[PDB]
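**Q** My complex, part one, positions kept as in the full thing:
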Amino acid sequence: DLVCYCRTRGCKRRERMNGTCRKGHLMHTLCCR
């Protein structure tokens, strides 16, 4: 599987940008490793 973080800015080291996600009905980055 995949562990993904829904982040307010960009993705961390070694994380993949796996499209976007929503938090508080606002666009965020889906960062997965």
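**A** Structure received. Residues are numbered from 1 along each chain as shown, chains lettered A, B, ... in the order given.

**Q** what about stretch A:4-19, start to end distance?
**A** From its first residue to its last, stretch A:4-19 covers 11 Å (CA to CA, to the nearest Å).

**Q** Pull out the buried positions in stretch A:19-31.
**A** If you call a residue buried by 16 or more other CB atoms under 10 Å, then stretch A:19-31 has these buried ones: A:29-31. Bear in mind the C-beta positions are built from the backbone N, C-alpha and C, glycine included.

**Q** Next one: the spatially most central residue of chain A from residue A:22, what distance?
**A** Centroid-nearest residue in chain A, with CA atoms, centre = their mean: residue A:30, separated by 1.9 Å. According to CB to CB, to the nearest Å, residue A:30 stands 10 Å off from residue A:22.

**Q** same thing with residue A:2?
**A** Taking CB to CB, one finds residue A:2 at 18 Å from residue A:22.

**Q** circling back: what sits in contact with each of residue A:30 and residue A:22?
**A** residue A:6 (CB atoms under 8 Å, 6 or more residues apart in numbering).

**Q** put chain B onto that model:
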Amino acid sequence: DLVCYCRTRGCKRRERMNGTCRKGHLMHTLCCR
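**A** Let me put chain B in with the others:
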């Protein structure tokens, strides 16, 4: 697949803590579903 949010107020009822995370140099719950 797991999607995790670093939440200022804590985890939704359908989420579960999964350790902590940092946000604005402050410690918060990491909440995943």
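
**Q** ok chain B is loaded, check the buried residues of stretch A:19-31 again?
**A** By 16 or more other CB atoms under 10 Å in any protein chain shown, the buried positions in stretch A:19-31 come out as A:21, A:28-31.

**Q** Pull out whichever of those are also neighbours of chain B.
**A** Contacts with chain B within the buried residues of stretch A:19-31, as defined by CB under 8 Å from any CB of the partner chain: A:21, A:30.

**Q** JSON lines for the buried residues of stretch A:19-31, including secondary structure?
**A** Shown next, in JSON lines, are those (DSSP: H, G, I helix; E, B strand; the rest coil):
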{"residue": "A:21", "secondary structure": "strand"}
{"residue": "A:28", "secondary structure": "strand"}
{"residue": "A:29", "secondary structure": "strand"}
{"residue": "A:30", "secondary structure": "strand"}
{"residue": "A:31", "secondary structure": "strand"}
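
**Q** Quote the end-to-end distance of stretch A:2-14.
**A** Span of stretch A:2-14 from end to end, CA to CA: 13 Å.

**Q** Show residues contacting it.
**A** A:15, A:17-18, A:21-23, A:28-33, B:1-6, B:32 (CB atoms under 8 Å, 6 or more residues apart in numbering or on different chains).
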